[PDB]
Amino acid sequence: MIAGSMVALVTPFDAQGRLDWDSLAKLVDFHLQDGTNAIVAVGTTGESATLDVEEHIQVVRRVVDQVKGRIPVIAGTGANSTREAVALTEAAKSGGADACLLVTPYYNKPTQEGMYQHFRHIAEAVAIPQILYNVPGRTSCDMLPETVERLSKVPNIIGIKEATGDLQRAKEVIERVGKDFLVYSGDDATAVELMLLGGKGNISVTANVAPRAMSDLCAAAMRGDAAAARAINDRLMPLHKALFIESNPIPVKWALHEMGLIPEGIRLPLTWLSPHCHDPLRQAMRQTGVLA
């Protein structure tokens, strides 16, 4: 029920660092108008690591407030402390969010078993749908398909955001879980193929700068237009690459500022897109029709 083009929404800051309510509103109208199937506020792209417990609910509120029930609002709520996690989920719930995206405990290095008991605890604790998040390249830990399987049998856990970008890991998670457990792509470049395999959506980053095209990609890939889907993806590959030319979301913000959607403001330890990367990404945005 939550599927398709989903935006891992960035979170606007002004040159000084403060949040820009003016810009969030626009981003939301942009994706609203352009047809994104769901918004994911306060995720990795939303710079979830550098927001106040207070800044994180405020953000969810004013997004939920504006969507106004039209499409699903998903809140990033994962901590690597289980208690810090229930805290954030509780907050996102009491924010009006519709579901939560929870990333596996980072830095921490949990065992598969610890990962399991971590997630059930949270699913038990906060009555709100929850979507797992596997992304080893950032976590340094990894939720084996064997564990996702166990998890899928828990009440309010209804999906996973699989971000290895490994298409066999997908061909496996999908094969292990029921059809009512949804597997999402967390890697834009290969999100088209994962959907062709039985995937139901792409929590995307590209979608920040080209939301319409991403709906088109997701729709065709979900019907079965394998030739149509890959043709769209092929058309967007230069962009998927460019959006990750330096750690995310550094690239996608540069993009959005260039489209005049967000100010030039990104919190440390993240920096603004270094000068080298500007013309390879400005050209991509052009080569792919989001910039003139």
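Residue indices: 1-based, along the sequence shown.
Peer 1: Hey, which bit's got the bigger mean C-alpha B factor in the entry, 222 to 230 or 64 to 72?
Peer 2: Result of the comparison: 222 to 230.
Peer 1: Report the stretch with the higher mean CA temperature factor, choosing between 167 to 175 and 204 to 212 on the basis of the entry.
Peer 2: So the stretch with the higher mean C-alpha B-factor is 167 to 175.
Peer 1: Between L273, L268, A284, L9, where does the Cα B-factor run highest in the record?
Peer 2: That would be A284, according to the entry.
Peer 1: Which of these has the highest Cα B-factor in the record: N156, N80, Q112, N134?
Peer 2: Highest CA B-factor of the listed options: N156.
Peer 1: Split the chain's modelled residues into thirds by Cα B-factor; is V126 in the lowest, middle or highest one?
Peer 2: Lowest third of the chain for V126's C-alpha B-factor.
Peer 1: Comparing against every modelled residue in the chain, figure out the third that the C-alpha B-factor of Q33 lands in (lowest, middle or highest).
Peer 2: Highest third - that is where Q33 ends up once the chain's C-alpha B-factors are sorted.
Peer 1: Sort the modelled residues of this chain by their C-alpha B factor and say whether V53 lands in the lowest, middle or highest third.
Peer 2: Answer is highest: the recorded C-alpha B-factor places it there.
Peer 1: Taking the values exactly as deposited, rank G96 by C-alpha B-factor within its chain and report the matching third: lowest, middle or highest.
Peer 2: Tercile = middle for this residue's CA B-factor.
Peer 1: Could you place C141 in the lowest, middle or highest third of its chain by Cα temperature factor, using the values in the record?
Peer 2: As the PDB entry reports it, the C-alpha B-factor of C141 lands in the highest third of its chain.
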